[PDB]
Every structure is written in C-alpha cells, then in structure tokens.
$ cat protein.cif   # mmCIF, C-alpha atoms and all ligand atoms
data_target
loop_
_atom_site.label_atom_id
_atom_site.label_comp_id
_atom_site.auth_asym_id
_atom_site.auth_seq_id
_atom_site.Cartn_x
_atom_site.Cartn_y
_atom_site.Cartn_z
CA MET A 1 -13.81 2.73 5.32
CA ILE A 2 -9.99 3.11 5.18
CA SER A 3 -7.89 0.20 3.95
CA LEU A 4 -4.15 -0.27 3.62
CA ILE A 5 -2.69 -2.31 0.76
CA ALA A 6 0.98 -3.40 0.83
CA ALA A 7 3.44 -6.10 -0.46
CA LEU A 8 5.67 -7.36 2.39
CA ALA A 9 8.87 -9.28 2.03
CA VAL A 10 10.60 -10.95 4.99
CA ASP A 11 10.77 -8.94 8.25
CA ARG A 12 7.96 -6.65 6.87
CA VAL A 13 10.41 -5.06 4.40
CA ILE A 14 8.49 -3.03 1.80
CA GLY A 15 11.19 -1.05 -0.02
CA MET A 16 14.86 -0.25 -0.69
CA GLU A 17 16.26 2.98 -2.25
CA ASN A 18 12.73 3.96 -3.37
CA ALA A 19 12.06 0.70 -5.23
CA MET A 20 10.19 -2.54 -4.47
CA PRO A 21 12.96 -5.00 -5.42
CA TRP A 22 11.03 -8.04 -6.68
CA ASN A 23 9.31 -8.83 -9.98
CA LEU A 24 5.80 -10.11 -9.25
CA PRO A 25 3.25 -9.40 -12.00
CA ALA A 26 0.66 -11.39 -9.90
CA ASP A 27 1.02 -8.74 -7.12
CA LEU A 28 0.55 -5.90 -9.71
CA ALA A 29 -2.69 -7.60 -10.93
CA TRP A 30 -3.90 -8.03 -7.31
CA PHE A 31 -3.02 -4.39 -6.54
CA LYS A 32 -4.87 -3.27 -9.69
CA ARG A 33 -8.04 -5.36 -9.01
CA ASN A 34 -8.29 -4.07 -5.39
CA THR A 35 -7.61 -0.34 -6.08
CA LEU A 36 -9.21 0.41 -9.46
CA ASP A 37 -12.15 2.87 -9.14
CA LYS A 38 -11.18 3.73 -5.54
CA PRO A 39 -9.24 6.84 -4.37
CA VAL A 40 -5.59 6.04 -3.53
CA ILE A 41 -3.57 7.91 -0.89
CA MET A 42 0.26 7.89 -1.05
CA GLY A 43 3.25 9.67 0.44
CA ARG A 44 5.43 11.88 -1.77
CA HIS A 45 8.23 9.24 -1.85
CA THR A 46 5.79 6.57 -3.12
CA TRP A 47 4.48 9.11 -5.75
CA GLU A 48 8.09 9.64 -6.92
CA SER A 49 8.74 5.81 -6.74
CA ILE A 50 5.66 5.01 -8.95
CA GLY A 51 6.68 7.88 -11.28
CA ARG A 52 3.29 8.63 -12.87
CA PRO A 53 -0.44 8.74 -12.03
CA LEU A 54 -2.23 5.47 -11.48
CA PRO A 55 -5.08 5.48 -14.08
CA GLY A 56 -8.74 4.80 -13.19
CA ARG A 57 -8.24 5.97 -9.55
CA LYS A 58 -8.29 9.37 -7.85
CA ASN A 59 -4.62 9.97 -6.84
CA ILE A 60 -4.06 11.88 -3.60
CA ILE A 61 -0.48 12.72 -2.58
CA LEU A 62 0.61 13.70 0.91
CA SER A 63 3.35 16.39 1.20
CA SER A 64 4.06 19.22 3.72
CA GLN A 65 5.02 21.29 0.66
CA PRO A 66 2.89 22.57 -2.30
CA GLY A 67 2.18 20.11 -5.12
CA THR A 68 4.30 19.83 -8.29
CA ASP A 69 1.78 18.09 -10.57
CA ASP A 70 -1.88 18.97 -11.20
CA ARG A 71 -2.70 15.57 -12.73
CA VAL A 72 -3.01 14.47 -9.06
CA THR A 73 -4.50 15.92 -5.83
CA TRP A 74 -2.08 17.27 -3.18
CA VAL A 75 -2.79 17.36 0.58
CA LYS A 76 -0.90 18.38 3.78
CA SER A 77 -2.43 16.12 6.52
CA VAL A 78 -4.03 12.70 7.06
CA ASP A 79 -7.47 14.34 7.70
CA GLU A 80 -7.14 16.54 4.58
CA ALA A 81 -6.18 13.36 2.52
CA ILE A 82 -9.27 11.50 3.80
CA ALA A 83 -11.47 14.60 3.13
CA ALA A 84 -10.16 14.94 -0.50
CA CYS A 85 -11.45 11.35 -1.22
CA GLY A 86 -15.03 12.50 -0.62
CA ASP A 87 -17.91 10.23 0.44
CA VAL A 88 -16.71 6.91 -1.03
CA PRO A 89 -17.24 3.33 0.26
CA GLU A 90 -13.47 2.55 0.48
CA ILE A 91 -10.20 4.58 0.64
CA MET A 92 -6.97 2.68 -0.37
CA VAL A 93 -3.73 3.78 1.33
CA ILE A 94 -0.96 2.58 -0.97
CA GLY A 95 2.26 3.56 0.89
CA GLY A 96 4.92 4.10 1.88
CA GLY A 97 6.12 3.10 5.35
CA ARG A 98 5.58 6.55 6.96
CA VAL A 99 2.09 6.96 5.43
CA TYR A 100 1.15 3.38 6.50
CA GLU A 101 2.15 4.21 10.13
CA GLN A 102 -0.27 7.17 10.24
CA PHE A 103 -3.26 5.46 8.61
CA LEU A 104 -2.88 2.06 10.38
CA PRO A 105 -4.82 3.22 13.55
CA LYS A 106 -7.68 4.53 11.27
CA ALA A 107 -7.83 1.46 9.03
CA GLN A 108 -10.47 -1.31 9.13
CA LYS A 109 -8.88 -3.60 6.47
CA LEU A 110 -5.37 -4.76 5.38
CA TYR A 111 -4.74 -6.22 1.87
CA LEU A 112 -1.35 -7.87 2.27
CA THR A 113 0.85 -9.78 -0.18
CA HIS A 114 3.29 -11.86 1.94
CA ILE A 115 6.25 -12.37 -0.34
CA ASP A 116 8.80 -15.10 0.32
CA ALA A 117 11.75 -12.82 -0.57
CA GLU A 118 14.88 -11.86 1.40
CA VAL A 119 15.31 -8.10 0.90
CA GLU A 120 17.80 -5.77 2.53
CA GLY A 121 15.52 -2.73 2.80
CA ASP A 122 15.17 0.74 4.35
CA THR A 123 11.36 0.76 4.65
CA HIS A 124 9.06 -1.44 6.65
CA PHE A 125 5.33 -1.94 6.97
CA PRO A 126 4.14 -1.07 10.58
CA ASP A 127 4.47 -3.70 13.30
CA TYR A 128 0.69 -4.29 13.48
CA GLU A 129 -0.78 -6.07 16.53
CA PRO A 130 -1.72 -9.64 15.32
CA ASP A 131 -4.44 -9.98 18.02
CA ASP A 132 -6.39 -7.02 16.56
CA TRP A 133 -6.67 -8.40 13.03
CA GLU A 134 -8.57 -11.42 11.75
CA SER A 135 -7.73 -13.28 8.50
CA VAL A 136 -10.77 -13.35 6.23
CA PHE A 137 -9.06 -14.26 2.92
CA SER A 138 -5.79 -16.15 2.27
CA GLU A 139 -4.58 -17.53 -1.03
CA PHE A 140 -1.05 -18.99 -1.34
CA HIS A 141 0.77 -19.28 -4.69
CA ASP A 142 3.95 -21.13 -5.56
CA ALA A 143 6.50 -19.26 -7.73
CA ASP A 144 6.22 -19.74 -11.51
CA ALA A 145 8.02 -18.63 -14.73
CA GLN A 146 6.59 -15.07 -14.28
CA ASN A 147 6.77 -14.72 -10.43
CA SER A 148 10.15 -15.46 -8.86
CA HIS A 149 8.85 -16.02 -5.33
CA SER A 150 6.04 -17.86 -3.66
CA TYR A 151 3.56 -15.35 -2.21
CA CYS A 152 0.31 -15.28 -0.23
CA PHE A 153 -2.53 -12.75 -0.75
CA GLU A 154 -4.15 -12.06 2.59
CA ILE A 155 -7.07 -9.85 3.65
CA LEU A 156 -7.20 -8.89 7.38
CA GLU A 157 -10.22 -7.23 9.07
CA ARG A 158 -9.93 -5.22 12.31
CA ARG A 159 -11.58 -7.31 15.07
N1 LIG B 1 5.87 -2.86 -0.93
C1 LIG B 1 4.88 -2.04 -1.01
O1 LIG B 1 3.71 -2.44 -1.04
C2 LIG B 1 5.13 -0.57 -1.13
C3 LIG B 1 6.40 -0.06 -0.88
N2 LIG B 1 6.66 1.26 -1.01
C4 LIG B 1 8.03 1.69 -0.74
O2 LIG B 1 8.03 2.57 0.37
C5 LIG B 1 9.11 3.50 0.24
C6 LIG B 1 8.53 4.89 0.44
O3 LIG B 1 8.13 4.99 1.81
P1 LIG B 1 8.63 6.20 2.75
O4 LIG B 1 10.09 6.50 2.53
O5 LIG B 1 8.22 5.91 4.17
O6 LIG B 1 7.88 7.49 2.17
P2 LIG B 1 6.28 7.73 1.91
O7 LIG B 1 5.99 7.17 0.54
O8 LIG B 1 5.43 7.35 3.09
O9 LIG B 1 6.25 9.32 1.82
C7 LIG B 1 6.57 10.12 2.96
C8 LIG B 1 6.37 11.55 2.51
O10 LIG B 1 4.96 11.81 2.41
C9 LIG B 1 4.65 13.09 2.99
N3 LIG B 1 3.81 12.88 4.19
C10 LIG B 1 3.66 11.73 4.89
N4 LIG B 1 2.79 11.94 5.91
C11 LIG B 1 2.39 13.24 5.84
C12 LIG B 1 1.52 14.04 6.59
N5 LIG B 1 0.81 13.52 7.63
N6 LIG B 1 1.35 15.34 6.24
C13 LIG B 1 2.00 15.86 5.19
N7 LIG B 1 2.87 15.12 4.45
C14 LIG B 1 3.05 13.81 4.75
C15 LIG B 1 5.98 13.76 3.36
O11 LIG B 1 6.40 14.55 2.25
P3 LIG B 1 7.26 15.91 2.35
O12 LIG B 1 8.66 15.39 2.66
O13 LIG B 1 7.16 16.55 1.01
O14 LIG B 1 6.62 16.68 3.47
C16 LIG B 1 6.90 12.55 3.53
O15 LIG B 1 8.29 12.86 3.31
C17 LIG B 1 9.75 3.28 -1.14
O16 LIG B 1 10.86 2.39 -0.94
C18 LIG B 1 8.70 2.48 -1.88
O17 LIG B 1 9.25 1.65 -2.91
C19 LIG B 1 5.69 2.14 -1.33
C20 LIG B 1 4.40 1.70 -1.61
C21 LIG B 1 4.10 0.32 -1.50
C1 LIG B 2 3.15 -0.79 -8.30
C2 LIG B 2 3.00 -0.94 -6.79
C3 LIG B 2 2.18 0.20 -6.21
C4 LIG B 2 1.93 0.10 -4.71
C5 LIG B 2 1.49 -1.30 -4.28
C6 LIG B 2 0.85 -1.50 -3.05
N1 LIG B 2 0.55 -0.46 -2.23
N2 LIG B 2 0.45 -2.75 -2.69
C7 LIG B 2 0.74 -3.83 -3.46
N3 LIG B 2 0.36 -5.09 -3.10
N4 LIG B 2 1.42 -3.66 -4.61
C8 LIG B 2 1.78 -2.41 -5.06
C9 LIG B 2 2.47 -2.33 -6.41
CA CA B 3 -12.03 19.41 5.45
CA CA B 4 12.11 -16.59 -2.54
CL CL B 5 -2.19 -0.64 -11.24
#

$ encode --input "protein.cif" --output "structure tokens" --more "lines below"
Ligand SMILES: NC(=O)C1=CN([C@@H]2O[C@H](COP(=O)(O)OP(=O)(O)OC[C@H]3O[C@@H](n4cnc5c(N)ncnc54)[C@H](OP(=O)(O)O)[C@@H]3O)[C@@H](O)[C@H]2O)C=CC1
Ligand SMILES: C[C@H]1CCc2c(N)nc(N)nc2C1
Ligand SMILES: [Ca+2]
Ligand SMILES: [Ca+2]
Ligand SMILES: [Cl-]
Amino acid sequence: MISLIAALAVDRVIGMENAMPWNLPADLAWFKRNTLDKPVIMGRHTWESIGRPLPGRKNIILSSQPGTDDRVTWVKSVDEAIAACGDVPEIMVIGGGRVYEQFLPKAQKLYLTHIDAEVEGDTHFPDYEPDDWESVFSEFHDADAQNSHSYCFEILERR
C-alpha cells in the first residue's frame, strides 16, 4: 500500500521557497505518528528542505543524479523508490509537489492536514479528483497558543 501525507494551506499550497511557512507543532506530531517505522519517499528538494534524515524511518530520496549522502537511500525512478522500500505494509510519500503528482495515481490513502492559512506559494499538492476519494477520518482543531491556525486532520481512502 502506497500513501501520500501532506499539509495543505489554502488553494492546495504546500510550500514557498523550499519552506512550509506555518508553525504547527500539532501537524509535526501527526506527521511523526503516521510515518514512524514506515519507509518514507521524498524528492530531492524536500530532502534539502528537511535538511537531515528523519529518524526511525527508512529514508528514500528520488533524484535523476547520484546520491550525496549515504545516511539515506537514493533512487532514480518511482518504481525503483517503491522497490527500495521492500515488502512493507505501507509506504509513506512525504513530498514535494512533483513527487506527489507521480505517486498520486498509485496511492490508496491520503493523510491530509487542511490548514486554514493564506500562503503565497510556489508548490501545490495535486488537484485530486474528489469523487475518487472517501473521507474515513476527520478531526478539526481550533488554533491555540502553540498552533497559529485552525487545521483539520483528514484521512481519505481511494474508492
Ligand atoms: N506541506 C507539505 O506537506 C510539504 C511541502 N513540501 C514542500 O514542497 C516543496 C518541494 O517540492 P518540489 O519543488 O515539487 O520538489 P520535490 O521535493 O518533489 O523534489 C523534486 C526532485 O525530486 C527528484 N525526482 C522527482 N521525481 C523523480 C523521478 N521520477 N525520478 C528521478 N528523480 C525524481 C528530482 O531531482 P533531480 O533534480 O536531482 O533529478 C526533482 O528535481 C518545498 O517547498 C517543500 O517545503 C514538501 C514536503 C511536504
Ligand atoms: C516536517 C514536515 C515533513 C513533511 C510533512 C508531510 N509530508 N506531511 C505533513 N503533514 N507534515 C510534514 C512536516
Ligand atoms: Ca527492482
Ligand atoms: Ca489562519
Ligand atoms: Cl518527524
């Protein structure tokens, strides 16, 4: 099973100048709980954006060029990335926009954080067909002293 996990601001904006411009510790905890002990696939720009390996997860980086860090696994295609995960119950695709576009048709599950934030970005999550996905989990949260926006954690399953 292939899953995508992403935090979406308004208009499906997911990034700006290689950053995710919002401060939501509750999203980092959600991201951590849903990806720990599962292989994570990311594009080279997301690898550079995160800046270091994610502990407790096999890190697989997509790049058309050779790798530049042996603390992680480097791959040159979507099928090679999936193969490098091995026989596991769930693969987590963690970004960015270009990597999401390629794995979306292969994915069975979406873990989305809908953030009520206005962000002028340069990266978007794919324009997924709403008819093809069913909501199986939704939990809304109002902003608090630690999280500057209201946000909703949603899990979608391919119909
Ligand atoms: N809000 C959220 O949940 C998240 C947001 N982001 C944001 O997304 C942005 C990064 O996204 P984006 O710019 O689209 O870049 P990506 O992170 O998707 O990386 C794209 C790079 O990955 C490599 N790649 C992708 N597909 C393949 C393939 N099939 N075969 C070989 N190599 C491949 C290429 O590297 P090369 O050029 O070396 O060939 C390409 O340039 C940042 O702003 C980041 O902050 C990222 C993760 C989560
Ligand atoms: C630290 C970043 C890493 C990538 C990521 C993602 N793919 N999905 C969600 N909901 N949050 C994050 C936080
Ligand atoms: Ca193979
Ligand atoms: Ca807001
Ligand atoms: Cl984490």

$ closest_residue --input "protein.cif" --among "A:40, A:143, A:7, A:28" --to "ligand LIG 1 (chain B)" --atoms "all atoms listed in the file"
A:7

$ residues_near_ligand --input "protein.cif" --ligand "ligand LIG 1 (chain B)" --cutoff "9 Å" --atoms "all atoms listed in the file" --output "PyMOL selection string"
chain A and resi 5-9+12-21+31+42-50+61-67+75-81+93-102+112-113+121-125

$ residues_near_ligand --input "protein.cif" --ligand "ligand CA 4 (chain B)" --cutoff "8 Å" --atoms "only C-alpha atoms and all ligand atoms" --output "ChimeraX atom specification"
/A:115-118,148-150

$ closest_residue --input "protein.cif" --among "A:53, A:105, A:39, A:86" --to "ligand CA 3 (chain B)" --atoms "only C-alpha atoms and all ligand atoms"
A:86

$ residues_around --input "protein.cif" --residues "residue A:156" --least-positions-apart "2" --cutoff "8 Å" --atoms "all atoms listed in the file" --output "list in words"
residues 109, 110, 111, 112, 133, 134, 135, 136, 137, 154 and 158 of chain A

$ write_last_selection --input "protein.cif" --atoms "C-alpha atoms" --output "PDB file, keeping the file's coordinate frame"
ATOM      1  CA  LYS A 109      -8.880  -3.600   6.470  1.00  0.00           C
ATOM      2  CA  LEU A 110      -5.370  -4.760   5.380  1.00  0.00           C
ATOM      3  CA  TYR A 111      -4.740  -6.220   1.870  1.00  0.00           C
ATOM      4  CA  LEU A 112      -1.350  -7.870   2.270  1.00  0.00           C
ATOM      5  CA  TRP A 133      -6.670  -8.400  13.030  1.00  0.00           C
ATOM      6  CA  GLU A 134      -8.570 -11.420  11.750  1.00  0.00           C
ATOM      7  CA  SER A 135      -7.730 -13.280   8.500  1.00  0.00           C
ATOM      8  CA  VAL A 136     -10.770 -13.350   6.230  1.00  0.00           C
ATOM      9  CA  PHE A 137      -9.060 -14.260   2.920  1.00  0.00           C
ATOM     10  CA  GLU A 154      -4.150 -12.060   2.590  1.00  0.00           C
ATOM     11  CA  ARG A 158      -9.930  -5.220  12.310  1.00  0.00           C
TER      12      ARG A 158
END

$ atom_distance --input "protein.cif" --atom1 "atom CA of residue A:68" --atom2 "atom CA of residue A:82"
20.0 Å

$ residues_near_ligand --input "protein.cif" --ligand "ligand CL 5 (chain B)" --cutoff "9 Å" --atoms "all atoms listed in the file" --output "PyMOL selection string"
chain A and resi 28-33+35-36+54-56

$ closest_residue --input "protein.cif" --among "A:59, A:142, A:92, A:72" --to "ligand LIG 2 (chain B)" --atoms "all atoms listed in the file"
A:92

$ atom_distance --input "protein.cif" --atom1 "atom CA of residue A:23" --atom2 "atom CA of residue A:147"
6.4 Å

$ axis_aligned_box --input "protein.cif" --around "ligand LIG 2 (chain B)" --padding-each-side "4 Å" --output "lines of an AutoDock Vina configuration file"
center_x = 1.8
center_y = -2.4
center_z = -5.3
size_x = 10.8
size_y = 13.3
size_z = 14.1

$ atom_distance --input "protein.cif" --atom1 "atom CA of residue A:71" --atom2 "atom CA of residue A:58"
9.7 Å
